[PDB]
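Undergrad: CSV, C-alpha atoms and all ligand atoms, saved as input.csv, coming up:
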chain,number,residue,atom,x,y,z
A,1,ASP,CA,0.0,0.0,0.0
A,2,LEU,CA,2.9,2.4,0.6
A,3,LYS,CA,4.1,1.7,-3.0
A,4,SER,CA,0.6,2.6,-4.3
A,5,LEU,CA,0.7,5.7,-2.0
A,6,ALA,CA,4.0,6.8,-3.5
A,7,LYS,CA,2.5,6.4,-7.0
A,8,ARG,CA,-0.6,8.4,-6.0
A,9,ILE,CA,1.5,11.3,-4.9
A,10,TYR,CA,3.6,11.1,-8.1
A,11,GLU,CA,0.5,11.2,-10.3
A,12,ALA,CA,-1.0,14.1,-8.4
A,13,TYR,CA,2.4,15.9,-8.9
A,14,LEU,CA,2.4,15.2,-12.7
A,15,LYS,CA,-1.2,16.3,-12.8
A,16,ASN,CA,-1.1,19.5,-10.7
A,17,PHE,CA,2.3,21.2,-11.7
A,18,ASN,CA,2.7,22.6,-15.2
A,19,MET,CA,6.4,21.9,-15.0
A,20,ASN,CA,8.3,18.8,-14.0
A,21,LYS,CA,11.9,17.5,-14.3
A,22,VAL,CA,11.3,15.4,-17.4
A,23,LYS,CA,9.6,18.3,-19.3
A,24,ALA,CA,12.3,20.7,-18.2
A,25,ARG,CA,15.1,18.4,-19.4
A,26,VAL,CA,13.5,17.7,-22.7
A,27,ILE,CA,13.3,21.4,-23.3
A,28,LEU,CA,16.8,22.0,-22.1
A,29,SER,CA,18.1,19.2,-24.4
A,30,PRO,CA,13.4,28.6,-25.7
A,31,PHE,CA,14.2,32.3,-26.2
A,32,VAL,CA,17.5,33.2,-24.4
A,33,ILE,CA,17.5,36.2,-22.2
A,34,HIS,CA,21.2,37.0,-21.6
A,35,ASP,CA,21.3,40.9,-21.6
A,36,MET,CA,18.9,43.9,-21.5
A,37,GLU,CA,18.1,43.7,-25.2
A,38,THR,CA,17.0,40.1,-25.1
A,39,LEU,CA,15.1,40.8,-21.8
A,40,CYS,CA,13.1,43.6,-23.4
A,41,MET,CA,12.4,41.5,-26.5
A,42,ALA,CA,11.3,38.6,-24.3
A,43,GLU,CA,8.9,40.9,-22.4
A,44,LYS,CA,7.2,42.2,-25.6
A,45,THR,CA,6.7,38.6,-26.7
A,46,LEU,CA,5.9,36.8,-23.5
A,47,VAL,CA,4.3,39.4,-21.2
A,48,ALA,CA,3.5,42.2,-23.6
A,49,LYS,CA,0.9,43.8,-21.2
A,50,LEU,CA,3.6,44.3,-18.7
A,51,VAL,CA,5.5,46.6,-21.1
A,52,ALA,CA,2.6,48.1,-23.2
A,53,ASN,CA,3.0,51.4,-21.2
A,54,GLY,CA,5.2,54.5,-20.9
A,55,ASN,CA,7.2,51.2,-17.5
A,56,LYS,CA,9.3,50.6,-14.4
A,57,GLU,CA,13.0,49.7,-14.1
A,58,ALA,CA,14.0,46.4,-15.7
A,59,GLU,CA,14.9,45.0,-12.2
A,60,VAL,CA,11.4,45.7,-10.9
A,61,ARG,CA,9.7,44.2,-14.0
A,62,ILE,CA,11.6,41.0,-13.4
A,63,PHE,CA,10.7,41.1,-9.6
A,64,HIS,CA,7.0,41.4,-10.5
A,65,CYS,CA,7.3,38.4,-12.9
A,66,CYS,CA,8.9,36.3,-10.2
A,67,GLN,CA,6.0,37.2,-7.9
A,68,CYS,CA,3.5,36.1,-10.6
A,69,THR,CA,5.0,32.7,-10.9
A,70,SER,CA,5.0,32.3,-7.1
A,71,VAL,CA,1.3,33.1,-6.9
A,72,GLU,CA,0.7,30.5,-9.6
A,73,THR,CA,2.7,27.9,-7.8
A,74,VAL,CA,0.7,28.5,-4.6
A,75,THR,CA,-2.4,27.5,-6.5
A,76,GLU,CA,-0.7,24.4,-8.0
A,77,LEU,CA,0.6,23.5,-4.5
A,78,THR,CA,-2.8,24.0,-2.9
A,79,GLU,CA,-4.5,21.5,-5.2
A,80,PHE,CA,-1.6,19.1,-5.0
A,81,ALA,CA,-1.8,19.0,-1.2
A,82,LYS,CA,-5.2,17.2,-1.4
A,83,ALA,CA,-3.5,13.9,-2.6
A,84,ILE,CA,-1.6,13.7,0.7
A,85,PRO,CA,-3.3,11.1,3.1
A,86,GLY,CA,-4.8,13.2,5.8
A,87,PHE,CA,-4.3,16.7,4.5
A,88,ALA,CA,-7.9,17.2,3.3
A,89,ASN,CA,-9.0,15.9,6.7
A,90,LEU,CA,-7.2,18.6,8.6
A,91,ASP,CA,-8.9,21.7,10.0
A,92,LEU,CA,-9.1,24.4,7.3
A,93,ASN,CA,-6.9,26.6,9.6
A,94,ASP,CA,-4.2,24.0,9.7
A,95,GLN,CA,-4.3,23.4,6.0
A,96,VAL,CA,-3.8,27.1,5.5
A,97,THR,CA,-0.9,27.2,8.0
A,98,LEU,CA,0.8,24.2,6.5
A,99,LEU,CA,0.6,25.8,3.0
A,100,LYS,CA,1.7,29.2,4.3
A,101,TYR,CA,5.0,28.0,5.6
A,102,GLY,CA,5.6,25.3,3.1
A,103,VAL,CA,4.9,27.0,-0.3
A,104,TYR,CA,8.3,28.8,-0.6
A,105,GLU,CA,10.2,25.8,0.5
A,106,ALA,CA,8.4,23.7,-2.1
A,107,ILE,CA,8.9,26.5,-4.7
A,108,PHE,CA,12.7,26.7,-4.3
A,109,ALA,CA,12.9,22.9,-4.2
A,110,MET,CA,11.0,22.5,-7.5
A,111,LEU,CA,12.8,25.5,-9.0
A,112,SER,CA,15.9,23.4,-9.0
A,113,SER,CA,14.3,21.2,-11.7
A,114,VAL,CA,14.4,24.0,-14.3
A,115,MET,CA,17.8,25.3,-13.2
A,116,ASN,CA,21.3,24.3,-14.4
A,117,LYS,CA,24.7,25.9,-13.9
A,118,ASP,CA,24.1,28.5,-16.7
A,119,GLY,CA,20.6,29.6,-16.1
A,120,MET,CA,17.0,28.6,-15.7
A,121,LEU,CA,13.9,27.8,-17.7
A,122,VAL,CA,11.2,30.4,-17.3
A,123,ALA,CA,7.8,31.6,-18.5
A,124,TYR,CA,6.2,28.1,-18.9
A,125,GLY,CA,9.3,26.8,-20.7
A,126,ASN,CA,9.3,29.5,-23.3
A,127,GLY,CA,12.4,31.3,-22.0
A,128,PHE,CA,15.8,30.7,-20.6
A,129,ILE,CA,17.4,33.5,-18.5
A,130,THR,CA,21.1,33.3,-17.8
A,131,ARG,CA,22.4,33.1,-14.2
A,132,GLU,CA,25.1,35.7,-15.2
A,133,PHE,CA,22.4,38.2,-16.4
A,134,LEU,CA,20.6,37.8,-13.1
A,135,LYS,CA,23.8,38.5,-11.2
A,136,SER,CA,24.3,41.6,-13.3
A,137,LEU,CA,21.1,43.2,-12.0
A,138,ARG,CA,21.6,46.1,-9.6
A,139,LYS,CA,21.4,45.4,-5.9
A,140,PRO,CA,19.4,44.2,-4.1
A,141,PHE,CA,17.7,42.4,-6.9
A,142,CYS,CA,20.7,40.5,-8.1
A,143,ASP,CA,20.8,39.1,-4.5
A,144,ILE,CA,17.5,37.3,-4.9
A,145,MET,CA,18.8,35.0,-7.6
A,146,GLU,CA,22.2,33.4,-6.7
A,147,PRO,CA,21.2,31.8,-3.4
A,148,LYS,CA,18.6,29.8,-5.3
A,149,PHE,CA,21.1,28.6,-7.9
A,150,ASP,CA,23.7,27.6,-5.2
A,151,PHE,CA,21.0,25.5,-3.6
A,152,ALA,CA,19.8,24.0,-6.9
A,153,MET,CA,23.3,23.0,-8.0
A,154,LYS,CA,23.7,20.9,-4.8
A,155,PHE,CA,20.1,19.6,-4.9
A,156,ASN,CA,20.4,18.6,-8.6
A,157,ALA,CA,23.6,16.6,-7.8
A,158,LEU,CA,21.4,14.2,-5.9
A,159,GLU,CA,19.9,13.2,-9.2
A,160,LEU,CA,16.3,12.8,-8.0
A,161,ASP,CA,13.5,12.2,-10.4
A,162,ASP,CA,9.9,13.4,-10.3
A,163,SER,CA,8.7,10.4,-8.3
A,164,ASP,CA,11.3,11.4,-5.6
A,165,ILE,CA,10.5,15.1,-5.8
A,166,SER,CA,6.8,14.7,-5.5
A,167,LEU,CA,7.2,12.9,-2.2
A,168,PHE,CA,9.7,15.4,-1.0
A,169,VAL,CA,7.3,18.3,-1.7
A,170,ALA,CA,4.6,16.3,0.1
A,171,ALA,CA,6.9,15.9,3.0
A,172,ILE,CA,7.7,19.6,3.1
A,173,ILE,CA,4.0,20.4,3.3
A,174,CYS,CA,3.4,17.9,6.1
A,175,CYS,CA,5.4,19.7,8.8
A,176,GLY,CA,4.2,19.4,12.3
A,177,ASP,CA,6.5,22.1,13.9
A,178,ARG,CA,4.9,24.9,11.9
A,179,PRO,CA,3.8,28.0,14.0
A,180,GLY,CA,0.1,28.2,14.9
A,181,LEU,CA,-0.9,24.6,14.1
A,182,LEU,CA,-4.0,23.6,16.0
A,183,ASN,CA,-3.8,19.8,16.0
A,184,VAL,CA,-0.1,19.1,16.0
A,185,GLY,CA,-0.6,15.4,16.9
A,186,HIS,CA,-2.6,14.5,13.8
A,187,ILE,CA,-0.2,16.5,11.7
A,188,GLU,CA,2.8,14.8,13.1
A,189,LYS,CA,1.1,11.5,12.3
A,190,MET,CA,0.4,12.6,8.8
A,191,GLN,CA,4.0,13.7,8.5
A,192,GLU,CA,5.3,10.4,9.9
A,193,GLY,CA,3.2,8.8,7.2
A,194,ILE,CA,4.7,10.6,4.3
A,195,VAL,CA,8.3,10.5,5.5
A,196,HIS,CA,7.8,6.7,5.9
A,197,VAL,CA,6.7,6.3,2.3
A,198,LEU,CA,9.5,8.8,1.2
A,199,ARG,CA,12.1,6.7,3.0
A,200,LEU,CA,10.9,3.4,1.5
A,201,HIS,CA,10.7,5.0,-2.0
A,202,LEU,CA,14.3,6.4,-1.8
A,203,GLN,CA,15.5,3.0,-0.6
A,204,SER,CA,14.1,1.2,-3.7
A,205,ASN,CA,14.6,3.9,-6.3
A,206,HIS,CA,18.1,4.9,-5.2
A,207,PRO,CA,19.9,1.7,-4.0
A,208,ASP,CA,23.2,3.3,-4.9
A,209,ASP,CA,22.9,6.1,-2.4
A,210,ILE,CA,22.4,4.7,1.1
A,211,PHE,CA,22.4,8.2,2.7
A,212,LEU,CA,19.9,9.8,0.3
A,213,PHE,CA,17.1,10.0,3.0
A,214,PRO,CA,19.3,11.7,5.6
A,215,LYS,CA,20.6,14.1,2.9
A,216,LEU,CA,17.1,15.1,1.9
A,217,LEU,CA,16.1,15.6,5.5
A,218,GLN,CA,19.0,18.1,5.6
A,219,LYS,CA,17.8,19.7,2.4
A,220,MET,CA,14.5,20.4,4.1
A,221,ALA,CA,16.4,22.2,6.9
A,222,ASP,CA,18.4,24.1,4.3
A,223,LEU,CA,15.3,25.1,2.5
A,224,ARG,CA,13.8,26.5,5.7
A,225,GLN,CA,16.9,28.6,6.2
A,226,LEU,CA,16.9,29.6,2.5
A,227,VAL,CA,13.3,30.8,2.9
A,228,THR,CA,13.8,32.9,6.0
A,229,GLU,CA,16.7,34.6,4.3
A,230,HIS,CA,14.7,35.1,1.1
A,231,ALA,CA,11.9,36.7,3.2
A,232,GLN,CA,14.5,39.0,4.8
A,233,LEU,CA,15.6,40.2,1.4
A,234,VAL,CA,12.1,40.6,0.2
A,235,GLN,CA,11.4,42.7,3.2
A,236,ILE,CA,14.4,44.9,2.5
A,237,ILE,CA,13.2,45.4,-1.1
A,238,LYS,CA,9.6,46.2,0.0
A,239,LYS,CA,10.9,49.0,2.3
A,240,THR,CA,13.7,50.4,0.3
A,241,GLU,CA,12.3,50.1,-3.3
A,242,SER,CA,9.4,52.5,-3.7
A,243,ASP,CA,8.3,51.0,-7.0
A,244,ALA,CA,8.6,47.4,-6.0
A,245,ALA,CA,5.2,46.6,-4.6
A,246,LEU,CA,4.4,43.1,-3.4
A,247,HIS,CA,1.3,41.1,-4.5
A,248,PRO,CA,-1.3,40.9,-1.7
A,249,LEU,CA,-1.3,37.1,-1.6
A,250,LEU,CA,2.4,37.0,-1.0
A,251,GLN,CA,2.3,39.7,1.6
A,252,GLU,CA,-0.2,37.5,3.5
A,253,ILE,CA,2.2,34.5,3.1
A,254,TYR,CA,5.2,36.5,4.4
A,255,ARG,CA,3.0,38.0,7.1
A,256,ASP,CA,4.2,36.7,10.5
A,257,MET,CA,6.3,34.0,8.9
A,258,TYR,CA,9.9,35.2,9.4
B,301,LIG,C1,17.5,32.2,-9.3
B,301,LIG,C2,16.3,33.0,-9.8
B,301,LIG,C3,15.1,32.2,-9.5
B,301,LIG,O1,13.9,33.0,-9.9
B,301,LIG,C4,13.1,33.3,-8.8
B,301,LIG,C5,13.6,33.8,-7.6
B,301,LIG,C6,12.8,34.1,-6.4
B,301,LIG,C7,11.4,33.9,-6.5
B,301,LIG,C8,10.5,34.2,-5.3
B,301,LIG,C9,9.7,35.4,-5.5
B,301,LIG,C10,10.6,36.7,-5.7
B,301,LIG,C11,9.8,37.9,-5.9
B,301,LIG,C12,8.8,35.6,-4.4
B,301,LIG,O2,9.2,36.0,-3.3
B,301,LIG,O3,7.6,35.2,-4.7
B,301,LIG,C13,10.8,33.3,-7.7
B,301,LIG,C14,11.7,33.0,-8.9
B,301,LIG,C15,11.1,32.4,-10.1
B,301,LIG,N1,11.1,33.3,-11.2
B,301,LIG,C16,10.5,32.9,-12.3
B,301,LIG,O4,9.9,31.8,-12.4
B,301,LIG,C17,10.5,33.7,-13.4
B,301,LIG,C18,9.4,33.9,-14.3
B,301,LIG,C19,9.4,34.7,-15.4
B,301,LIG,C20,10.6,35.5,-15.8
B,301,LIG,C21,10.6,36.4,-17.0
B,301,LIG,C22,11.0,37.8,-16.7
B,301,LIG,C23,11.0,38.7,-18.0
B,301,LIG,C24,12.1,38.1,-19.0
B,301,LIG,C25,11.7,36.6,-19.3
B,301,LIG,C26,10.3,36.6,-20.0
B,301,LIG,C27,9.2,37.2,-19.0
B,301,LIG,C28,9.6,38.7,-18.7
B,301,LIG,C29,9.2,36.3,-17.8
B,301,LIG,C30,11.6,35.8,-18.1
B,301,LIG,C31,11.8,35.3,-15.0
B,301,LIG,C32,11.7,34.5,-13.8
Could you write out this file's structure as structure tokens?
Ligand SMILES: CCCOc1ccc(C[C@H](CC)C(=O)O)cc1CNC(=O)c1ccc([C@]23C[C@H]4C[C@H](C[C@H](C4)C2)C3)cc1

TA:
Amino acid sequence: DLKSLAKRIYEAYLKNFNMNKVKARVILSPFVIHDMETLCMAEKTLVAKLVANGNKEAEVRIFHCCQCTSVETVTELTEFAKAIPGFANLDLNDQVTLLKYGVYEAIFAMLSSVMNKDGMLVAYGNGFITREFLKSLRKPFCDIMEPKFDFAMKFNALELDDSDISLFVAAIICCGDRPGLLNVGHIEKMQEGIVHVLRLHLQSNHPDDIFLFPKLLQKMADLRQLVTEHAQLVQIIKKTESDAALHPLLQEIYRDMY
């Protein structure tokens, strides 16, 4: 039954997220954004509306686009969470709390799938923006980027596939030590359930790496630290960048988190 469970999670994953490792890799076998010219060209083609005006600084335009993808991923993650044994049985408040603290950890984890040493797949697989171009953005915007690449390079070295990743994201969501949780016991039990299936799955799908499970547990901790830091930088931008407004949904997510 745990094998079937793992499968269920994997199918929900393939079904709820527009992007996955296999699709990303086939594509990376896209318009390349490597400088300001290609950036502006990409915007006119892929998000025309955003530039059909008289327009904010390039850095802010990108920032807004990043927010847009996050809001979308929140929706995908919310639907995905229903395939986790016990999630849909939780109090609505706890479901909200679990998604609130888990979304960004999930987001940066899955982001690794479309990232390689030189850049990342963007805009529903229609673009590829270079890591170096992102580093060339003026501070503090160029500082949003790099930390995610650093994490992705190490995460991708674990050579996980979507069946692995789906369970990992599920595990990220089922976190009992999240602030405000009403029924921690039931949540801990749900968590124990997913980690158990994740442990067994890694064991059979990765017989060559006997430390994969421990490594991933560590990655979950890394992601949590990665997120608090990302939140800090977002906060800095919000306060110091007058033209860089934050989408209401994301403000609520960042509200009282870190
Ligand atoms: C290492 C960099 C990783 O990128 C990041 C970084 C942080 C975040 C989190 C965001 C930051 C505001 C958040 O807090 O929600 C999201 C992404 C995800 N960004 C995207 O998915 C993304 C989406 C669209 C684009 C565009 C931007 C321009 C150029 C090109 C076409 C079009 C217009 C979309 C790529 C770029 C990045």

Undergrad: Against ligand LIG 301 (chain B), which residues of chain A fall within 8 Å? For each one I want the closest pair of atoms and the distance in Å (one decimal), counting only C-alpha atoms and all ligand atoms, rows by chain and increasing residue number, as a Markdown table.

TA:
| residue | atom | partner | partner_atom | distance |
| --- | --- | --- | --- | --- |
| A:33 | CA | B:LIG301 | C25 | 6.5 |
| A:39 | CA | B:LIG301 | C24 | 4.9 |
| A:40 | CA | B:LIG301 | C24 | 7.1 |
| A:42 | CA | B:LIG301 | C26 | 4.8 |
| A:43 | CA | B:LIG301 | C28 | 4.4 |
| A:45 | CA | B:LIG301 | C26 | 7.9 |
| A:46 | CA | B:LIG301 | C27 | 5.6 |
| A:47 | CA | B:LIG301 | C27 | 5.8 |
| A:61 | CA | B:LIG301 | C23 | 6.9 |
| A:62 | CA | B:LIG301 | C22 | 4.6 |
| A:63 | CA | B:LIG301 | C11 | 5.0 |
| A:64 | CA | B:LIG301 | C11 | 6.4 |
| A:65 | CA | B:LIG301 | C19 | 4.9 |
| A:66 | CA | B:LIG301 | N1 | 3.9 |
| A:67 | CA | B:LIG301 | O3 | 4.1 |
| A:68 | CA | B:LIG301 | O3 | 7.2 |
| A:69 | CA | B:LIG301 | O4 | 5.2 |
| A:70 | CA | B:LIG301 | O3 | 4.6 |
| A:71 | CA | B:LIG301 | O3 | 7.0 |
| A:104 | CA | B:LIG301 | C8 | 7.5 |
| A:107 | CA | B:LIG301 | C13 | 7.7 |
| A:108 | CA | B:LIG301 | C7 | 7.6 |
| A:111 | CA | B:LIG301 | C3 | 7.1 |
| A:115 | CA | B:LIG301 | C1 | 7.9 |
| A:119 | CA | B:LIG301 | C1 | 7.9 |
| A:120 | CA | B:LIG301 | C1 | 7.4 |
| A:121 | CA | B:LIG301 | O4 | 7.8 |
| A:122 | CA | B:LIG301 | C18 | 4.9 |
| A:123 | CA | B:LIG301 | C19 | 4.7 |
| A:126 | CA | B:LIG301 | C26 | 7.9 |
| A:127 | CA | B:LIG301 | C25 | 6.0 |
| A:128 | CA | B:LIG301 | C30 | 7.1 |
| A:129 | CA | B:LIG301 | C30 | 6.3 |
| A:131 | CA | B:LIG301 | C1 | 7.0 |
| A:134 | CA | B:LIG301 | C2 | 7.2 |
| A:144 | CA | B:LIG301 | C6 | 5.9 |
| A:145 | CA | B:LIG301 | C1 | 3.5 |
| A:146 | CA | B:LIG301 | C1 | 5.5 |
| A:147 | CA | B:LIG301 | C1 | 7.0 |
| A:148 | CA | B:LIG301 | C1 | 4.8 |
| A:149 | CA | B:LIG301 | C1 | 5.3 |
| A:230 | CA | B:LIG301 | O2 | 7.1 |
| A:231 | CA | B:LIG301 | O2 | 7.1 |
| A:234 | CA | B:LIG301 | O2 | 6.5 |
| A:246 | CA | B:LIG301 | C11 | 7.9 |
| A:250 | CA | B:LIG301 | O3 | 6.6 |

Undergrad: Which value, in Å to one decimal, gives the distance between CA of residue 51 (chain A) and CA of residue 112 (chain A)?

TA: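 Going from CA of residue 51 (chain A) over to CA of residue 112 (chain A), I get 28.2 Å.
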
Undergrad: Please determine, counting all atoms listed in the file, which residue among A:167, A:19, A:212, A:174 has the shortest atom-to-atom distance to residue 197 (chain A).

TA: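 Counting all atoms listed in the file, the residue closest to residue 197 (chain A) is A:167.
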
Undergrad: Of the candidates A:249, A:114, A:227, A:200, which shows the shortest atom-to-atom distance to residue 27 (chain A), using all atoms listed in the file?

TA: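 Result for the nearest residue to residue 27 (chain A): A:114.
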
Undergrad: Using only C-alpha atoms, which of the listed residues (A:215, A:56, A:82, A:21) sits closest to residue 243 (chain A)?

TA: A:56

Undergrad: Nearest to residue 15 (chain A): which of A:48, A:77, A:90, A:210 is it, counting only C-alpha atoms?

TA: A:77

Undergrad: Could you pull out every residue with an atom within 10 Å of (18.7, 44.6, -20.7), file coordinates, counting only C-alpha atoms, and send them as a list in words?

TA: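 Residues found, by chain and rising number: residues 33, 34, 35, 36, 37, 38, 39, 40, 41, 58, 59, 133, 136 and 137 of chain A.
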
Undergrad: Using Å and a single decimal, report how far CA of residue 100 (chain A) sits from CA of residue 252 (chain A).

TA: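 So the answer is 8.6 Å.
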
Undergrad: Figure out the distance between CA of residue 214 (chain A) and CA of residue 198 (chain A), please, to one decimal in Å.

TA: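 Taking CA of residue 198 (chain A) as the start and CA of residue 214 (chain A) as the end point, the length is 11.1 Å.
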
Undergrad: Where's the centre, and what are the edge lengths in Å to one decimal, of a box along x, y and z enclosing all listed atoms of region 221-239 of chain A padded 8 Å per side, as JSON?

TA:
{"center_x": 14.0, "center_y": 35.6, "center_z": 2.9, "size_x": 24.8, "size_y": 42.8, "size_z": 24.0}

Undergrad: For each of A:222, A:229, A:177, A:161, take the minimum atom-to-atom distance to residue 110 (chain A), counting all atoms listed in the file, then give the residue where this is smallest.

TA: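 Ranking A:222, A:229, A:177, A:161 by distance to residue 110 (chain A), first place goes to A:161.
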
Undergrad: When you count all atoms listed in the file, which of these residues is closest to residue 78 (chain A): A:138, A:150, A:170, A:25?

TA: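 Ranking A:138, A:150, A:170, A:25 by distance to residue 78 (chain A), first place goes to A:170.
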
Undergrad: Which neighbours of residue 217 (chain A) fall inside 12 Å, counting only C-alpha atoms, when residues of the same chain fewer than 3 positions from it are skipped, and could you give them as a PDB file with C-alpha atoms, in the frame of the given file?

TA:
ATOM      1  CA  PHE A 155      20.100  19.600  -4.900  1.00  0.00           C
ATOM      2  CA  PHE A 168       9.700  15.400  -1.000  1.00  0.00           C
ATOM      3  CA  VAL A 169       7.300  18.300  -1.700  1.00  0.00           C
ATOM      4  CA  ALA A 171       6.900  15.900   3.000  1.00  0.00           C
ATOM      5  CA  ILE A 172       7.700  19.600   3.100  1.00  0.00           C
ATOM      6  CA  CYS A 175       5.400  19.700   8.800  1.00  0.00           C
ATOM      7  CA  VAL A 195       8.300  10.500   5.500  1.00  0.00           C
ATOM      8  CA  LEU A 198       9.500   8.800   1.200  1.00  0.00           C
ATOM      9  CA  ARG A 199      12.100   6.700   3.000  1.00  0.00           C
ATOM     10  CA  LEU A 202      14.300   6.400  -1.800  1.00  0.00           C
ATOM     11  CA  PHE A 211      22.400   8.200   2.700  1.00  0.00           C
ATOM     12  CA  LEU A 212      19.900   9.800   0.300  1.00  0.00           C
ATOM     13  CA  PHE A 213      17.100  10.000   3.000  1.00  0.00           C
ATOM     14  CA  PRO A 214      19.300  11.700   5.600  1.00  0.00           C
ATOM     15  CA  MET A 220      14.500  20.400   4.100  1.00  0.00           C
ATOM     16  CA  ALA A 221      16.400  22.200   6.900  1.00  0.00           C
ATOM     17  CA  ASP A 222      18.400  24.100   4.300  1.00  0.00           C
ATOM     18  CA  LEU A 223      15.300  25.100   2.500  1.00  0.00           C
ATOM     19  CA  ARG A 224      13.800  26.500   5.700  1.00  0.00           C
TER      20      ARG A 224
END

Undergrad: What's the 9 Å shell around region 6-11 of chain A, counting only C-alpha atoms, without same-chain residues fewer than 4 positions away, as JSON, numbers by chain?

TA: {"A": [1, 2, 15, 16, 80, 83, 84, 162, 163, 164, 165, 166, 167, 170, 194, 197, 198, 201]}

Undergrad: Taking the block above, write region 219-234 of chain A with N, CA and C atoms as a compact mmCIF listing (two decimals), in the first residue's frame.

TA:
# COMPACT_ATOMS: atom_id res chain seq x y z
N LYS A 219 18.24 18.73 3.42
CA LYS A 219 17.83 19.69 2.41
C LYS A 219 16.57 20.44 2.85
N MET A 220 15.71 19.76 3.61
CA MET A 220 14.49 20.38 4.11
C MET A 220 14.86 21.49 5.08
N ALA A 221 15.87 21.23 5.90
CA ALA A 221 16.35 22.23 6.86
C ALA A 221 16.99 23.37 6.07
N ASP A 222 17.80 23.04 5.07
CA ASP A 222 18.43 24.07 4.25
C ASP A 222 17.37 24.97 3.63
N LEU A 223 16.32 24.36 3.09
CA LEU A 223 15.25 25.11 2.45
C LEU A 223 14.59 26.07 3.43
N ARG A 224 14.39 25.62 4.66
CA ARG A 224 13.77 26.48 5.67
C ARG A 224 14.64 27.72 5.90
N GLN A 225 15.96 27.51 6.01
CA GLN A 225 16.88 28.62 6.20
C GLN A 225 16.91 29.50 4.95
N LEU A 226 16.88 28.86 3.78
CA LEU A 226 16.88 29.57 2.51
C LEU A 226 15.69 30.52 2.44
N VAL A 227 14.53 30.04 2.88
CA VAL A 227 13.30 30.82 2.87
C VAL A 227 13.31 32.01 3.84
N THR A 228 13.77 31.80 5.07
CA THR A 228 13.79 32.91 6.01
C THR A 228 14.68 34.01 5.45
N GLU A 229 15.81 33.63 4.86
CA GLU A 229 16.72 34.61 4.26
C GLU A 229 16.06 35.31 3.07
N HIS A 230 15.35 34.54 2.25
CA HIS A 230 14.67 35.12 1.10
C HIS A 230 13.65 36.13 1.60
N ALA A 231 12.95 35.78 2.68
CA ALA A 231 11.94 36.68 3.24
C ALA A 231 12.59 37.98 3.70
N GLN A 232 13.73 37.87 4.37
CA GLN A 232 14.46 39.05 4.84
C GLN A 232 14.79 39.99 3.69
N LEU A 233 15.28 39.43 2.58
CA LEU A 233 15.64 40.24 1.43
C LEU A 233 14.41 40.84 0.76
N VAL A 234 13.30 40.10 0.76
CA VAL A 234 12.08 40.60 0.15
C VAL A 234 11.64 41.81 0.98
